[PDB]
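One structure is given here, and the rest of the page talks about it.
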Amino acid sequence: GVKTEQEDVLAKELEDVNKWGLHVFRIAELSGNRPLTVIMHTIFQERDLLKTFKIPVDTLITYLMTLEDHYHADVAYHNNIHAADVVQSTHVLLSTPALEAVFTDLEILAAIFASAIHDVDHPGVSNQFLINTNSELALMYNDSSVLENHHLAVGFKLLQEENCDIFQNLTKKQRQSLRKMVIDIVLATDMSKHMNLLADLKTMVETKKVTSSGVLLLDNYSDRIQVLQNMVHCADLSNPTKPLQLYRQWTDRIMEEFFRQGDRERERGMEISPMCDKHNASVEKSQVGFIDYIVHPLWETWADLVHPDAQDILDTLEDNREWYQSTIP
Ligand SMILES: COc1ccc(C2=NN(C3CCN(C(=O)CN4C(=O)CCC4=O)CC3)C(=O)[C@@H]3CC=CC[C@H]23)cc1OC
Ligand SMILES: [Mg+2]
Ligand SMILES: [Zn+2]
C-alpha cells in the first residue's frame with residue numbers, strides 16, 4: 083500500500099496540477115503515457131467530483147483509460163497529451179478569482195469532461211481535408227464540424243463500454259443538462275466558430291456586471307455557456323501562453339502534424355493548406371501570425387473579462403510573441 087518510486091516521482095510532479103505550466107510532458111513519461119488518466123483522476127479527487135456525483139472510482143479509472151486509449155498515439159499533436167493539457171488548463175481557468183463561486187458542480191464537471199473528450203479519435207487531419215477526401219467522417223456529419231461532432235460521439239459512446247458509465251448515478255435531469263453543456267462546449271472548439279465566439283465574448287466584457295466583489299454575474303444559460311465555451315476554447319488555444327519550453331514542444335508537434343497533412347495534400351495534387359507546406363512555410367512567422375490574429379485577441383479579451391487575474395498569462399504570451407518575432411531571418 084506504499085507507492086513505487088516512479089509513482090512517487092509522478093505524485094510530486096502532480097503537485098503542480100493547479101499551476102499554469104505544469105510539466106505535462108514529464109507527467110506523460112512518468113505515468114507510462116497516461117497523462118490524461120492521471121491528471122483527470124487528480125482533478126476529480128481535488129474538486130471532490132467522485133463524491134458529489136457518486137462516481138465509483140473503478141468506473142472512473144476504467145472510462146479514463148478507455149478514453150485515453152481512443153486518442154491516437156501516432157498523431158503528433160492531437161493526442162492524449164494535448165487532451166491532458168487542455169483539461170489541466172481548464173482546471174486552472176475555472177479556479178480564477180473572478181469566477182469564484184460562479185459555476186455549479188455540474189457546470190464544472192461539464193467543462194472538465196468536455197475538455198477531456200474534446201479531441202478524442204482525432205486522425206491528425208483537418209475538417210477541410212476530411213471533406214475534400216470524401217472521408218467517411220465527413221459524410222457521416224454532412225460536412226458540418228465533422229471532427230468535433232465525432233469527438234463528442236466517441237466520448238459519449240465510450241460510456242457504454244464495460245464498467246465505463248461514470249454518470250450512472252446522475253439523475254436524468256442532471257444528465258440531460260450535462261450532455262447539452264458538453265455538446266455546446268465541444269462544438270465551440272471548431273475554429274470556424276472562433277470569430278463569433280470572440281465577438282460574443284467582447285460584447286459580454288462591454289456589458290459586464292459583477293457582484294461587487296469583483297466576481298462575474300452570469301444569470302442566464304446563454305451567458306454561463308458562453309463563458310464556459312470561451313474558457314475551454316482559451317485552454318485549447320493556450321499553447322503560446324505557456325513557458326517557452328512547453329510552447330516549443332507544442333509548436334514542433336503541430337508542425338509535424340500539419341506537415342504530414344501537407345505531404346498527403348501534395349501527393350494527391352490538392353491545394354496545400356496554410357502552414358502545411360514543409361518547403362514554403364516558416365515556423366516562426368506562422369506562430370507570430372497565430373498569436374497576432376487568433377491567440378492574442380482571444381486572450382486579451384479573456385484577460386479583460388477576468389481582470390486582473392490573467393495578466394501573467396497575457397505577459398507570457400507577449401514575451402513569447404517577441405521571442406518568436408526576434409528569430410525571424
Ligand atoms: C502551437 O501552435 C499551434 C497550435 C494549434 C493550432 C491550431 N490551428 N488551427 C487553425 C489552423 C488554421 N488557422 C490559421 O492559419 C489562422 N491564421 C491566420 O489567418 C493568420 C495566421 C494564422 O494562424 C487557424 C487555426 C486549428 O484549427 C487547430 C485545431 C483547434 C484549435 C487550434 C489548432 C495552430 C498552431 O500554430 C499555428
Ligand atoms: Mg479539436
Ligand atoms: Zn484541441
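Take any residue in the sequence shown, count from 1 to its spot, add 82: that is its number in the entry's author numbering.
Even for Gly, the Cβ is constructed at its ideal location relative to N, Cα and C.
Practice task
Please confirm if the segment 194 to 205 is in contact with the segment 169 to 179, defined as three or more CB-CB distances below 8 Å between the two stretches.
Solution key: yes
Handout entry: Residues that residue 292 bridges to, as DSSP identifies them
Key = Position 210 of the sequence shown, counted from the first residue, corresponds to residue 292. BP columns for residue 292 point to 298.
Problem - Three-way DSSP call (helix, strand, coil) for residue 277 in this model - result: Taking the sequence shown and counting its residues from 1, the one referred to as residue 277 is at position 195. DSSP places residue 277 within a helical segment (H, G or I) once states are collapsed to three.
Practice task
Assuming residue 201 contacts residue 165 (C-beta within less than 8 Å), just tell me the rounded distance between them.
Solution key: Looking up residue 201 in the sequence shown gives position 119. Looking up residue 165 in the sequence shown gives position 83. 6 Å between Cβ atoms; contact.
Problem - Distance cut 5 Å, beta-carbon to ligand 3 heavy atom: residue list by chain order - result: Cβ atoms closer than 5 Å to ligand 3 belong to 201, 318.
Practice task
Can you have a look at residue 375 and say buried or exposed, based on whether 16 or more other CB atoms are within 10 angstroms of its CB?
Solution key: Taking the sequence shown and counting its residues from 1, one reaches residue 375 at position 293. Classification for residue 375: exposed.
Practice task
Return the residue from the list 123, 219, 323, 113 that minimises the CA-CA distance to residue 393.
Solution key: Residue numbering aside, residue 393 sits at position 311 when the sequence shown is read from its first letter. When only C-alpha atoms are compared, the closest one is 323.
Problem - Every unbroken alpha helix (DSSP H) inside the segment 130 to 164 [4 residues or more] - result: Within the segment 130 to 164, the complete alpha helix (DSSP H) runs of at least 4 residues are 131 to 135, 139 to 151.
Handout entry: Contact set for residue 272: own chain, Cβ-Cβ below 6 Å, skip 5 residues either direction
Key = On the sequence shown, position 190 is the one that residue 272 refers to. So the qualifying residues of the chain are 227, 230.
Practice task
Tell me whether residue 357 sits in a helix, a strand or coil according to DSSP, three-state version.
Solution key: If you number the sequence shown from 1, residue 357 lands on position 275. Annotated three-state conformation of residue 357 is coil, per DSSP.
Problem - Limits of the alpha helix (DSSP H) - the one that residue 371 falls within - result: As a working mapping, residue 371 is identified with position 289 in the sequence shown. For residue 371, the uninterrupted alpha helix (DSSP H) run begins and ends at 365 to 372, by DSSP.
Practice task
Compute the distance between the beta-carbons of residue 395 and residue 405, then report whether it is under 8 Å.
Solution key: Looking up residue 395 in the sequence shown gives position 313. Looking up residue 405 in the sequence shown gives position 323. No; because the gap between Cβ atoms is not below 8 Å, this pair is not in contact.
Problem - Any non-hydrogen atom of ligand 1 within 7 Å of residue 177 CB - result: Taking the sequence shown and counting its residues from 1, one reaches residue 177 at position 95. Checking the Cβ of residue 177 against ligand 1 gives no.
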